[PDB]
Structure formats: C-alpha cells, structure tokens
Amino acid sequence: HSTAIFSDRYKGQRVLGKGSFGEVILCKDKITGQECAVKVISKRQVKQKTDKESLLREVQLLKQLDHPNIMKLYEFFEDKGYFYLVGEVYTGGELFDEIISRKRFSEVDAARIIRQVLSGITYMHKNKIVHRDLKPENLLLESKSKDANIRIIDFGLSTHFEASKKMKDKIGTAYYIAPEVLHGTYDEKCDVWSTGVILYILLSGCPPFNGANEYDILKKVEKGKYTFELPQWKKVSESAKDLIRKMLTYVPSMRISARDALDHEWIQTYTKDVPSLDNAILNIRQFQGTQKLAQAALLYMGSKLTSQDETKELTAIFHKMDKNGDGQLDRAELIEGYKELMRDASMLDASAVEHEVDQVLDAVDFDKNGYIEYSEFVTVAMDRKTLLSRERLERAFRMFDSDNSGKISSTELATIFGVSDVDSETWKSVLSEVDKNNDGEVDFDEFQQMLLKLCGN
C-alpha cells in the first residue's frame, strides 16, 4: 500500500500568487483535467504548531464541509519538503480590487458583502474552526460574474501552521488582528473582530487602528480605541456604526457572535435610495494601491536576494559537474543541475524543470541537442528572472501613481516604507543618496535604486 504523490496526479499550469504560508499554483488533474488551486507550504519556511494526527483530522473534516462562502478543499498531500493543499480555484480576484473598479458603492453593497462573510464564518464556527487571520486578501470572488459569491480562503490553517515573522509575509496583517490574539487567549470571537475592521474599512476607506509602522498599528489595536469622527462617517447609518461597535467590542465574551451579527438591524435592512459612499471608494483605492506597492517592494528585494543566492549556487553546481573543466554540459546535465538547485513552487516536478530549461535554451537560441556553454545558460536563466522581477515592480509603481506624474513624493515614500516597515532613518538615508537635488520625489528607476540599496546592493 503506497503513499499518494502530488505530482503523479497534478501538473502545474501557472502561478496564481502568494498567500499566507506559501505560493498558490494553478494545477490540473492529469486524468480528469480538473483545475485546482494548490497552496504549496514549505516545511523549511513554515513550522507546524500541531502534530501530524491533529492536522490529518482537520484536513479530513475540512474536506467534508461545504458552504457557498467558504473555499472548498479537495485533497491534501505531504512529502519530505512540502504540504500541498488542493482546493477549488477562484478567478474573480480579491474583494477590494473588485470594489475599487466600480464607480458606485453604497451601504447596501457593503451589507451584502458582510452578510456573506458572516454567513461563512457562522458555518465554520458551528464546526469549531477559527480563521484568526481574516483579512481582505482572504476574500476572493468566486468568478468574474456580477453576482459571484465571496469565498473565504485559509480557514483553519493558523491552528496548524506558524505565521511568518518576515515583513514580506506580514503586509496588511496588523490592521485586522484581534487584540486577544496578541495576548494569547483567543477563541472564535477573534473572527468577528477582524470582520468589524473590514466593515469599518468598507464604509470609510480607512483602517480603524492605524499607525506609521507595524508596531504602532499593533499598539493601537491593543489599546482598542477607535472613533467615527472622520467626515465620511456622516454619510453612514447609525445602525452600521452600532454593528461595528458590537463587532469591535474589546472583551470577547461581550462581543457579538457571527450568527447574532446576521440578525443585526443593519444587515436585515440593507440586504433586502441609498447614497454612494464616494469618499470611501477613493480612500479604499488609495489604501489598496499603497498596500500593493509596499508588498511589491518587499518581493522585489526578496527576488534580488534569491538571485544572489541561486546564481552562485547554480554556477558551483555546474562547475562540479563539468568534470574535465571545459565549461560545456549537455541539456540532460543542465536539467540535472537545475534540479539539484531547486532541491519556486512551480518547479517541483522533473517535467516542469525540463520545460523551463528548454525555455531558457530557446531564449538564447542555444541548440538543445548538443553541448552548451553552461555559464551562458546560468546568465540567461537568471537575467530572465531579474527582468521579470523588475517588470512586476514597475506595474505596481505605475498603478500607485494614479495621476500619471511619473513620480512618488517624499510623503508617499514615508507611507509606503512605513507599511513595508522599513526603518525611517534608513529609507531617508537611502533617499538622500539617490535624490541629490532635493526634488523630494523619485521616478521609477530611482525608486528601484533605493530598493536595491535597501537590500545591500
């Protein structure tokens, strides 16, 4: 009786993105053609909180649950290096990204969104599963269809896997975390808090607990005080604010349950004219742009560091293989070395690696059937990746620069690096090196230069 192997059943199609605990890859069943989203968790980056037996039983429960606002889990695999969580793929994108693409957004739209989130949470709580890490990135629209349901992803994972301590993994997280989670004694009510934070953001476009860096955010959360004194709260019903107050009640025993929040006047009224919350949409668009650029900045720097690491490793690997030291290896060798290297969730299969080597060889018009100058292969394969990383950062810079100025101001940098939790005198120091003219703004290239200096380059 033999243990099921992930790659015997599924082939990788493409990377969907980064989520909590790992990369998510669009895969396909090699027999049935079923497409799925597979979260690949590396045992080297992510430690388990529970034992094997506890995880296996949770997975077995999760597979049997079914609700229109919860991600479906189909299968689970484990091998020496990874866990694989095989789920249904959702293609409508993140909630907040759909919201900012509309010209209109009212309390009716927010109530219908929150009803869905509370409905999913209610179901999971009845089944004794807690999310703990509910945030906007965990709310995916099922498809691009006008009336697509919201699907909450990652329920139950935080019970089994330890959260990363790396800022590139923590972007966004502090705004939403319940104060009792910080102090250690928590239960399912933490999910109602996080929902309350999200609803506050839907209706005003600003986090209720904010600050200039991650720890300042956490300090505000822990104090637990917030207000509705912003001008844009004047546009909002008293019932919406009453529900928020109940969800952001500090002592969790006193906080409203998810199921009771579904019976709240605000949900009952607004989910059956109502003005558009235009200032809120404006603020959400800004919030989202900033969060996305900070994230892109951190991933860019991570990509540069991974390249410094991998380029020299790949070179030493091939140097060792080149037994007579003439610098030439054949394609089967390049594949074996690239394999020794990956020993990138999308490259955890021999066939995917073969395919990638062929893409690199074709890029440079190296003939695949003879012997190849390996140092040139390494350069090409790494320059491709450096080019890709540069292009992802740029897209995010252009998105943030919504007036098409070509520039990010000093004040905007302060906001971005604060979200990125890059030390203020540190980024200011690097800005003084780059901005020799006291223009107090940077273009894309200059911004990229700052990021390189903030990762030792």
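Definition used throughout: the rigid core is the maximal C-alpha set that superposes within 1.5 Å between two forms. Numbers follow the displayed sequence, beginning with 1.
Superposition on the core shows that, in 9 other deposited structures of this protein, the C-alpha atoms drift more in one of 293-301 and 246-254; this is 293-301. In 9 other deposited structures of this protein, superposed on the rigid core, the segment with the larger root-mean-square CA displacement between 381-389 and 179-187 is 381-389.
The records show that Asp263 is included in the coordinate set of every other eligible entry of this protein, so it is not omitted in a third of them. Coverage remark for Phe366: absent from the model in at least one third of the other entries compared whose chains are built on both sides.
Going from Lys223 to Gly224, you skip over nothing: the modelled chain follows the deposited sequence without a break. Where coordinates are absent for parts of the deposited sequence, a chain break appears; between neighbours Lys144 and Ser145 there is no such break. Remark: stretch with higher mean C-alpha B factor among 334-342 and 87-95 is 334-342.
Two stretches are in play, 375-383 and 259-267, and the higher mean C-alpha B-factor belongs to 375-383.
By the numbers in the PDB entry, the CA B factor is greatest at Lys235 among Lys235, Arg115, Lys135, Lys126. Of the residues listed, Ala174, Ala163, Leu73, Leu203, the entry assigns the biggest Cα temperature factor to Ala163.
When the modelled residues of the chain are ordered by their C-alpha B factor, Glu425 lands in the highest third. Ranked by Cα temperature factor within the chain, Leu451 sits in the lowest third according to the deposited record. Ranked against the other modelled residues of its chain, the C-alpha B-factor of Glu188 as given in the entry falls in the lowest third. When the modelled residues of the chain are ordered by C-alpha B-factor, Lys219 sits in the lowest third.
In this PDB entry, the Cα temperature factor of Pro208 sits in the bottom third of its chain's modelled residues, the lowest group.
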